[PDB]
């Protein structure tokens, strides 16, 4: 019952910055987190960042600590991922997810289609 639409992906120079957005239709259940995950070809899906809709507390993967920032706009029911100091190994499809807990992907039952991010060398 929740639809999620990512935007902001595409092509960026290594060292550069992007900001992804995720527009959501409904509210997260059965838990209250919104999360960004990413999946590169041949690899497992990886958690990137998550935040508690209940009380705005945030969690990051070690891989992106100090470079990425998650935030939200309650009024717009949108979350954001600010992605700075990008590297070629950050290339992936980035997904927004709702209704899970922290970076436990199996707890999320609502997923976007994903937005591709490609960072040069």
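Positions refer to the first chain, counted from 1.
Taking the PDB entry as given, 68 to 76 carries the higher mean Cα B factor of the two stretches 33 to 41 and 68 to 76. Relative to its counterpart among 77 to 85 and 47 to 55, 47 to 55 has the higher mean temperature factor, C-alpha atoms as listed in the PDB entry. Among all modelled residues in its chain, residue 115 ranks in the middle third by Cα B-factor. Placement of the Cα temperature factor of residue 7 within the chain: middle third of the modelled residues, per the deposited record. Compared with the other modelled residues of the chain, the Cα B-factor recorded for residue 95 ranks in the lowest third.
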